[PDB]
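Shown next, in structure tokens, is the structure this report addresses.
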Amino acid sequence: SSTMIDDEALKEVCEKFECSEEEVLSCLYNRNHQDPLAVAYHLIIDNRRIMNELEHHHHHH
Ligand SMILES: [Mg+2]
């Protein structure tokens, strides 16, 4: 199997939550969506996506 991790989001969660990388990876692996570390990881990725979409719309629409 192959698992993809967003390294930048992982680093940001670890810095902001003062936690180990394995703590984040564990809740992702266990699909424990309710763990705030998982929520934060996906929030960082989702917001990056949304901001990229908004910037595009601002400049081109
Ligand atoms: Mg405008």
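Hey, with R₀ at 22 Å, roughly what FRET efficiency would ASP7 and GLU53 work out to, going by the Cβ-Cβ distance, to 0.05? List each step's numbers first, then the result.
Values: r = 22 Å, r/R0 = 0.99.
Calculated transfer efficiency: 0.50.
Kindly put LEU43, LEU37, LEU54 in sequence by how many other C-beta atoms sit within 10 Å of each C-beta, fewest to most. The partial results should precede the final answer.
Numbers: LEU43 13, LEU37 19, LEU54 10.
Final ranking by Cβ density, sparse to dense: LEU54, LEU43, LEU37.
Kindly provide the helix-only [θ] at 222 nm of the chain, computed as the sum of -39,500 (n - 2.57) over DSSP H runs of four or more divided by all residues, to the nearest 500 deg cm²/dmol? Display every interim value, and only then the final one.
Working: 3 runs with 45 residues, N = 61.
Dividing the helical sum by the residues of the chain leaves -24000 deg cm²/dmol.
What Kirkwood hydrodynamic radius, in Å, does the chain give when the mean of 1/r is taken over all pairs of distinct Cα atoms and then inverted?
That comes to 12.6 Å for the chain.
Would you work out the relative contact order for the chain, in percent, from Cα pairs under 8 angstrom that are 6 or more residues apart? Walk me through the intermediate numbers first.
Details: 27 pairs, mean separation 17.2, N = 61.
Contact order relative to length: 28 percent.
Every number in this text was worked out from the coordinates using simple rules, so none of it is lab data. Cβ sites come from the backbone with ideal geometry, for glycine too, and all protein chains shown count toward neighbours.
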